Amino acid sequence: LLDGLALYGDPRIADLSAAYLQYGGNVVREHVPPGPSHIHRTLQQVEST
Amino acid sequence: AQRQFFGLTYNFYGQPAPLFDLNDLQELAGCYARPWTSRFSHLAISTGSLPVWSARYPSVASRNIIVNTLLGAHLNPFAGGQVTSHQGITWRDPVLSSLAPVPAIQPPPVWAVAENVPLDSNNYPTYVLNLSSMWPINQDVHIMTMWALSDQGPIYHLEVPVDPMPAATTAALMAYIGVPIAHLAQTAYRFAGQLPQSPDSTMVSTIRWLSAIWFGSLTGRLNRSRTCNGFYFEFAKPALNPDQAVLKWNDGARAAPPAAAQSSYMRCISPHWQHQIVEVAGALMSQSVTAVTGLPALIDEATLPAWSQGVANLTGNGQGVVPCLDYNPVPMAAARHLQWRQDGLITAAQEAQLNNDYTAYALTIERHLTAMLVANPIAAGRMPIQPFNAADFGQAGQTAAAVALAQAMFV
Amino acid sequence: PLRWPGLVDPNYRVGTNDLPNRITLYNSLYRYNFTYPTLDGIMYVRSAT
Amino acid sequence: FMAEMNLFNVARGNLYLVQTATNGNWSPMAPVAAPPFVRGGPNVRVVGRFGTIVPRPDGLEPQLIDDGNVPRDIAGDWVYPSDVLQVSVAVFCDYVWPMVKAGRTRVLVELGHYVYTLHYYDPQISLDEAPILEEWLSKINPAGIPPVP
Amino acid sequence: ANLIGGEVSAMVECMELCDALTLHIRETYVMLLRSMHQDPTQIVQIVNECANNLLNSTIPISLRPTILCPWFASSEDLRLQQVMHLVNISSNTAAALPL
Amino acid sequence: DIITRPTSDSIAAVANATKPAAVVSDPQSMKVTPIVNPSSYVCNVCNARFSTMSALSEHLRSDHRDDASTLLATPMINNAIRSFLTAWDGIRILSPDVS
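Quick mapping for you: the protein sequence lines, in order, are chains D, Z, F, H, R and C.
Quick note on PDB author numbering: the first sequence kicks off at 919 and runs consecutively.
Quick note on PDB author numbering: the second sequence kicks off at 2 and runs consecutively.
Quick note on PDB author numbering: the third sequence kicks off at 1166 and runs consecutively.
Quick note on PDB author numbering: the fourth sequence kicks off at 968 and runs consecutively.
Quick note on PDB author numbering: the fifth sequence kicks off at 374 and runs consecutively.
Quick note on PDB author numbering: the sixth sequence kicks off at 77 and runs consecutively.
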């Protein structure tokens, strides 16, 4: 489900992104910011209280 | 709960008698020969998205129109205090469960034909006694009145308070994420239909907000970049599924509440509504709220047709008289697209395309209706669709004021 | 009484609460009765011509 | 051959299906009156290319999808291209055919040429042609069809 | 009583022994599910489009007030899911062959 | 019960004398087959064929029950698709897994 983030690389993630490099030096990068979560909101509420 | 209501019957368009026949009275979609709580029975079970219509019910509004005309001939108890019969047909019982041929024992007096008769529930005392079982009559009569008052499209009411949306309503609202508007209207109709409800209620306030939210999204003022309270209505491309607008919740920005309380009456000023589902859904949904809570205030007579001038408990021209705005869908769509590009959801090139698509789509609606009218002349005896003139498709109405209200409403 | 506003307060709105500061024990809520449909369908193939 | 195909048990033109209860003479292979509801006539509907049907709730009877991709009322006059029939004989046998037997609708089957077959009967005793047709329908499939009886 | 499915209501509003915090969690979970809700009527169009209009289909369904079909997912979720696939594969790229 | 004093014999004899048959064997019969086929029964929502009215009644009494049946929690939740029917040959396809 999420293992690759822990098993390989640095887990300190910020915002995932994938890209490909063209020989002409141009870089095409596609960000994938997550959509509106719901559990995160209530979790932050739980922490606050 | 509300214990009294008022109403008004339809107006004959020069014809001498109410415009329906016995077969119409025999082919209602609900229980046999009863008009109550039947305005959605023809689509309780559905498949696909195609609108449902037939040879003698050729428009989405046709069935409701027929039902309204049908009721006009049998609502005498709320005017004359007595049950009557018309063409040998009357109610089974004083509770008005359903219609049936007159029995040959104690035939009730024959109804005298008339139009636009004002209605008052207090003329029929048994209604108060049997309120728990006669409740759906309240909703349907109110709905009929809200349509009878207009020559061009059903009238309904909008309002937004100065306070933010109360928490209790938010709890109820979330049950309806991702459901299209038509389904919501069906649910709203069922709610106010079965049992009596107090005007104060979480559910009542919930639906009222829904009506406001949808209008805000209809103008494009409310969108995924500017939500009411996280809520807004999503839209599909008009070139396909032009009506499958659904409710969405989002974590984005919220519009600030208005400076003062806003409220107005609304109407569609063009015949397009007769075959466009969303207009019917929005109108019925708003009317459902007014049905349980009654009319907040009298309606302005100024822009209404002749027979609607000065109805006792309905229309007026005094001080506490809420004005009524009207609009045309096509310019409304143009405004909605303009809001989207201003808010940056789309580029101007798309906005030009969307207007072309919608105008083409609207043209088919006009072309369908105008051809359907000549197929069902009103002089035949029944009025499946409301008459109109070709120029009525081009009227802009008060559309500019309408979008101005929404901008003043959600800010 | 601070933990029971929804029970002993005449000025208690429905559904309100001061969650970030303290926890109340008696509250109003919605209980749901959702339905979970299943689909059976018929598919038609296009004619030859 | 194109002028004498009948001698090879091959017929030309379309096929009609109308409930007719005659008492006198009958001559299906040489009609005398002009056929009704020729294609393109008033209130004549042609089926959609899928031959699909749609149900309706609470009393409303089903509707059929025409070429214009619009549900239409079953009663009346209808035109079936043979191919649509070959892929939708079941729904036809279940919804349209009973209405035909009730005499509330008329169907024109479009098929340029076909093999026919005859069945003679005594005009004196009673008879009902429906079972023969119902059998003939039962043997149609997407592959092929039996000769017209 | 509201939205009576013949005998029983679709949802009720009651007050009972209940702590706000747990209630807050439960409500959000409902909001999550409803966010996944899909209108069933659109399925037939989804099928017809996915079939490149080679198939035409009908799926009748009754429309009750409370009805849940948690089948929808936004493009963002799928795009994120795709990226997640690359990450989990990263240690052994050869694992993608079975696709 | 209620008394049933038998009538006089002569009246009975006269009545019994005049009793034409109800049905006769007449070649000419203008016979007419039933409008609806009575040999098979189809489920109007899933088009499952059946041999008797009883069997069809039970099938809809099980497979097409829209009841809000249980106030207790449902033991299971099914997937979206249960089955499909191919019209062109009347073959029903079952989802490899609906549960």
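Idealized CB from N, CA, C, for every residue including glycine.
Q. If you draw a straight line from the C-alpha of residue 418 of chain Z to the C-alpha of Z/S86, how long is it?
A. Residue 418 of chain Z cannot be examined here, being either before or after the span of chain Z that is shown, 2 to 412.
Q) Nearest chain F C-beta to D/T960 closer than 7 Å, yes or no? A) no
Q) Is it true that the CB of Z/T170 sits closer than 7 Å to the CB of Z/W215? A) no
Q) Would you call the segment 163-183 of chain Z and the segment 1192-1211 of chain F touching, i.e. three or more CB-CB distances under 8 Å? A) yes
**Q.** Own chain partners of Z/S212 with C-beta closer than 6 Å, once the 5 adjacent residues on each side are dropped
**A.** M286 and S287
Q) Are three or more beta carbon pairs between the segment 389-398 of chain R and the segment 423-439 of chain R nearer than 8 Å? A) no
Q. On the three-pair Cβ rule with 8 Å, is the segment 15-22 of chain Z touching the segment 62-73 of chain Z?
A. yes
Q: Measure the Cβ-Cβ separation of Z/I182 and Z/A282 and say whether it is below 7 Å.
A: yes
Q) At a CB-CB cut-off below 9 Å, which residues of chain Z make contact with F/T1181? A) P167, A168 and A169
Q) DSSP state of R/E386, grouped into three classes? A) strand
Q) Can you give the beta carbon distance from Z/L223 to Z/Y233, rounded, assuming they're within the 8 Å contact cut? A) 5 Å
Q: With DSSP collapsed to three states, give me the class of Z/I90.
A: strand
Q) Going by beta carbon distance, what residues of the same chain come within less than 6 Å of Z/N12, once the five residues before and after it are set aside? A) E116, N117 and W308
Q | Residue range of the unbroken beta strand (DSSP E) whose run includes C/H135 | A | Not the beta strand (DSSP E): C/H135 falls in the alpha helix (DSSP H), residues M129 to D139.
Q.
Tell me whether the segment 982-992 of chain H and the segment 431-440 of chain R touch, counting them as touching only if at least three CB pairs, one residue from each stretch, are closer than 8 Å.
A. no
Q: Flag this pair as touching only if the segment 319-334 of chain Z and the segment 260-277 of chain Z have three or more C-beta atom pairs under 8 Å; answer yes or no.
A: yes
Q) Which residues in the same chain as D/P951 place their Cβ atom closer than 8 Å to its Cβ, once the five residues preceding and following it in sequence are excluded? A) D933
Q.
Taking contact to mean 3 or more Cβ pairs, one atom from each stretch, closer than 8 Å, check whether the segment 176-192 of chain Z and the segment 456-466 of chain R are in contact.
A. no
(Q) My output table needs one value for Z/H276: the three-state DSSP class, helix, strand or coil. (A) helix
(Q) Determine, for D/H949, whether the minimum Cβ-Cβ distance to residues of chain R falls below 7 Å. (A) no
Q: With distances taken Cα to Cα, identify the nearest neighbour of Z/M145 among Z/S199, Z/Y125, Z/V103 and Z/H75.
A: Z/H75
**Q.** Reference Z/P36, options Z/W92, Z/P165 and Z/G8, closest by Cα
**A.** Z/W92
Q. According to DSSP, is Z/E352 helix, strand or coil?
A. helix
Q | Beta-carbon gap between H/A1042 and H/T1072 smaller than 7 Å | A | yes
(Q) For the structure I just gave you, are there three or more beta carbon pairs, one from the segment 145-155 of chain C and one from the segment 103-116 of chain C, closer than 8 Å? (A) no
Q: Assuming Z/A336 and Z/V404 form a contact by the criterion Cβ under 8 Å, report the distance between their Cβ atoms to the nearest whole angstrom.
A: 5 Å
Q | Residue range of the beta strand (DSSP E) that includes H/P1065 | A | H/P1065 -> not in any beta strand (DSSP E); alpha helix (DSSP H) instead, spanning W1064 to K1068.
**Q.** Cβ-based neighbour list, H/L1104, same chain, cut-off 8 Å, excluding 5 preceding and 5 following
**A.** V1056, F1059, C1060 and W1064
Q: Grab the span of the beta strand (DSSP E) containing H/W1045 for me, first residue to last.
A: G1043 to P1048
(Q) Can you list, in chain order, the residues of its chain with a C-beta nearer than 6 Å to that of Z/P162? Leave out the 5 residues immediately preceding and following it. (A) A262
Q: For Z/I178, collect the residues of the same chain with a Cβ closer than 8 Å to its Cβ; drop the 5 residues on either side in sequence, then sort them by chain order.
A: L248, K249 and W250
Q) D/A924 by DSSP, collapsed to three states: which one? A) helix
Q.
If we define contact as Cβ-Cβ less than 7 Å, is R/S435 a contact residue for chain C?
A. yes
Q. Which chain C residues are close to F/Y1209, counting only those with a beta carbon under 8 Å from its beta carbon?
A. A163 and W164
(Q) Taking the straight line between their C-alpha atoms, what separation do you get for residue 416 of chain Z and H/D1089? (A) A question about residue 416 of chain Z goes unanswered here, because the residues of chain Z that appear run from 2 up to 412.
Q: For R/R399, name the three-state secondary structure that DSSP assigns.
A: helix
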